[PDB]
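I have placed the structure first, in the form of structure tokens, so that the comments after it can refer back to it.
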Amino acid sequence: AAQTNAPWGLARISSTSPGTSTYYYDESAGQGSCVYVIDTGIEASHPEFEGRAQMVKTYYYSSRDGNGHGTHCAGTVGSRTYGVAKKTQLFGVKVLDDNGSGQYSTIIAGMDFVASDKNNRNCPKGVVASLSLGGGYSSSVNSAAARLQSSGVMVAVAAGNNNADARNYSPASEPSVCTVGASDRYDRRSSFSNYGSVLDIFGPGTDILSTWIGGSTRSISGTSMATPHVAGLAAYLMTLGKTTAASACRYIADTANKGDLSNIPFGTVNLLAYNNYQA
Ligand SMILES: [Ca+2]
Ligand SMILES: [Ca+2]
């Protein structure tokens, strides 16, 4: 399949070079996979989700996404126009309030919820979790992310937007999950993107157009935007049977565009998520 005039991030993950406009992907498009978006919620009614999104858990008064961040991330995972895995099933877990903030105890609970809730869903091609959140280092947050990964979920987490070593941030610093840095349309590390040995992969993160609340769209930047690119790619590859939840991050790194990025500090992987699609 080919989506013309796609968001640059989608085109980038289906190209060996930057500057393309078409997103080439296999028509399976993550069908049969499931991606839990652990964030501010998802505006499931957005036409861009085509009924494939639903809220499954909220830790606040409402399951409504009153912020937009979670809806944006979910859109990059699997919205029709802005998603990597355009046929995946999206499950919203609202651990962040409508200001985009959340207590670590609630974020931990949301991870534990997904690890259990997945056993009640039909996700034959596997389960992915996109965690476009994080704060300071927390062994308990890291352990929760490790538990979620160990339970059989492909966990993708944002590296953080501190332009610093992700070792000091969680769940970014959890080794067992897929820690995602951000790049821009010119194959530079996003000026805000965290770095360091714990990063597994980079994804498009600067000026990422996706869904937004109120049935709208907007372009925002962050490692929160690169993470769903990798989560959606994992779902896409798992549907293709090329990898599993336990190995998806290693597979994405193994098959990534290598050495394409600039402004990558020594010791940080120079790997950009790439779907290796061949028509
Ligand atoms: Ca290249
Ligand atoms: Ca890792």
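Reconstructed Cβ throughout: ideal geometry from the backbone, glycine too, with neighbour counts over all protein chains shown. Computed from the coordinates by the stated procedures, all read-outs in this text should not be read as laboratory data.
Here's a check for you: in the stretch 244-260, which residue that is aliphatic (A, V, I, L, M) and surrounded by fewer than 23 Cβ atoms within 10 Å (Cβ to Cβ) is nearest to ligand 2 (Cβ to nearest atom)?
Once the filter is applied, the top-ranked residue is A253.
Scan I213, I208, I201 and give me the residue that is within 23 Å of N142 (Cβ to Cβ), of a type outside the set (S, T, Y) and either near ligand 2 (Cβ under 10 Å from one of its atoms) or buried (at least 22 other Cβ atoms within 10 Å of the Cβ) (or both).
Result of the check over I213, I208, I201: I201.
Checking the structure you have, find out if any residue of the stretch 40-53 is of a type outside the set (G, A, S) and touching a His at 6+ places or on another chain (Cβ under 6 Å).
Among the residues of the stretch 40-53, at least one is of a type outside the set (G, A, S) and touching a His at 6+ places or on another chain (Cβ under 6 Å), which makes the answer yes.
Among the residues in the stretch 44-64, are any aromatic (F, W, Y) and free of Cβ contacts under 8 Å to residues at least 40 places away in the same chain?
Scanning the stretch 44-64, I find at least one residue that is aromatic (F, W, Y) and free of Cβ contacts under 8 Å to residues at least 40 places away in the same chain, so the answer is yes.
Do the conditions hold for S79, that is, is it touching a residue at least 12 places away in the same chain (Cβ under 8 Å), of a type in the set (S, T, N, Q) and farther than 30 Å from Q3 by Cβ?
In short, no.
Out of everything in the stretch 168-180 that is part of a loop (DSSP other than H, G, I, E, B) and of a type outside the set (A, V, I, L, M, F, W, C), what residue ends up being surrounded by the most Cβ atoms within 10 Å (Cβ to Cβ)?
Per the criteria, the residue is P171.
Do you know which residues across the stretch 1-28 are β-branched (V, I, T) and farther than 17 Å from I252 by Cα?
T4, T20, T22
Please state which one of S79, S14 is of a type in the set (S, T, Y) and over 25 Å from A145 (Cβ atoms).
Just a single option satisfies the conditions, and that option is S14.
Among the candidates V141, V114, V127, single out the residue that is within 14 Å of the chain's Cα centre (by Cα), of a type in the set (V, I, T) and either surrounded by 16 or more Cβ atoms within 10 Å (Cβ to Cβ) or in a strand (DSSP E or B) (or both).
Answer to the check: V127.
Write out, first by first residue and then by second, each pair whose Cβ atoms fall under 7 Å of each other, whose residues are 6+ apart or on separate chains, and whose first residue, in the stretch 111-122, is closer than 14 Å to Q54 by Cβ while the second is aromatic (F, W, Y).
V114/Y36
Within the stretch 168-190, how many residues turn out to be in contact (Cβ under 8 Å) with a residue 60 or more places away in the chain and either more than 16 Å from the chain's Cα centre (by Cα) or more than 16 Å from ligand 2 (Cβ to nearest atom) (or both)?
6
Looking only at the stretch 35-66, filter to residues that are farther than 19 Å from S116 by Cβ, of a type in the set (A, V, I, L, M) and in contact with a helix residue (DSSP H, G or I) (Cβ under 8 Å, 6 or more places away or on another chain); which one of those is surrounded by the fewest Cβ atoms within 10 Å (Cβ to Cβ)?
Here the answer is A53.
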